[PDB]
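Consider the single chain below, provided in structure tokens and representing the form deposited in one PDB entry.
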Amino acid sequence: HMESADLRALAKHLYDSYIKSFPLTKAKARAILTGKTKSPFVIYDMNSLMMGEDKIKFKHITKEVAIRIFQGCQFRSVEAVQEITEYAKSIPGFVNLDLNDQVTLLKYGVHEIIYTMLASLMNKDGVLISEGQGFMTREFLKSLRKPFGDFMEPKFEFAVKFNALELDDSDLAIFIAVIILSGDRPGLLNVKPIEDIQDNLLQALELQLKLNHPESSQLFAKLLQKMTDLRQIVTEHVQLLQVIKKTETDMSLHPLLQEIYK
């Protein structure tokens, strides 16, 4: 199918583009979370939230507290969609696909990639925000009232499990490419070139994981099994939104904002 030297070139191409498209890499996030430092501002309760938006002026959390935080997560997710969209254009073959197929792959893939990349910003105690300048504790997020408290905790539970695989940025760049090129998205017009690119990406990922994690047996297989966890959590997430949308009335934004966050 492909020669070993071309797989390394494909892997290197993707790593370089992943560094340019995403501002906060996993490598940089890990330096912040471990204490291998400029200490980030910590949000662990209501009062520290107030000071953080005064001193750092977080653009997501600029109503009621639980709602503002929820809406802030939505604001950042929309920013991330544009970053993933730009990275997708760098995947060899992607821009040559039918234009409707490109849109379909991005529409159905962004939720899985956001959760994946969110794990890079998380440990068991909290999550980095605003390109790593702030840190919101898991306990503060989990203690939000009514449905918002239980909306936040599944992300951590997944992230803790995913991070135990100890992937680095060069591994993640290929993994994310593999997610985008999923030939089973509904409504695809020409599945064949999509699965051909994914076959290339899978070959590159398998060789990457063997060279970069030679002691970690069947890591390739284990990473692929996590695509089940992602799909399952994305479906749960959708059901959580519907329940919020059908119950919370204090959630109306400016109609232009509602449109941006469709």
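All residue numbers refer to positions in the sequence shown, first residue = 1. Note that the rigid core is defined as the largest set of C-alphas that superpose within 1.5 Å between two forms. Residues that one form lacks are left out of the comparison.
The same protein also exists as the form solved in complex with a partner chain; that form is not shown, yet it is the one meant from here on.
Contact with its partner chain in the entry with it bound, judged by any heavy atom within 4.5 Å, is made by just one of 117, 122, 106, 152: 106. The closest non-hydrogen atom of residue 94 lies within 4.5 Å of its partner chain in the entry with it bound. Contact check for residue 81: a non-hydrogen atom falls within 4.5 Å of its partner chain in the entry with it bound.
Of the heavy atoms in residue 89, some are within 4.5 Å of its partner chain in the entry with it bound. Within 4.5 Å of any heavy atom of its partner chain in the entry with it bound lies no heavy atom of residue 5. Exactly one of the stretches 166 to 174, 97 to 105, 122 to 130, 135 to 143 approaches its partner chain in the entry with it bound with heavy atoms within 4.5 Å, and it is 97 to 105. When the two forms are superposed on their rigid core between this form and the one not shown, the C-alpha shift of 2 Å or more among 251, 19, 240, 9 belongs solely to 251.
After superposition on the rigid core, the segments of 3 or more consecutive residues displaced by 2 Å or more at every C-alpha between this form and the one not shown are found at 54 to 58, 250 to 262.
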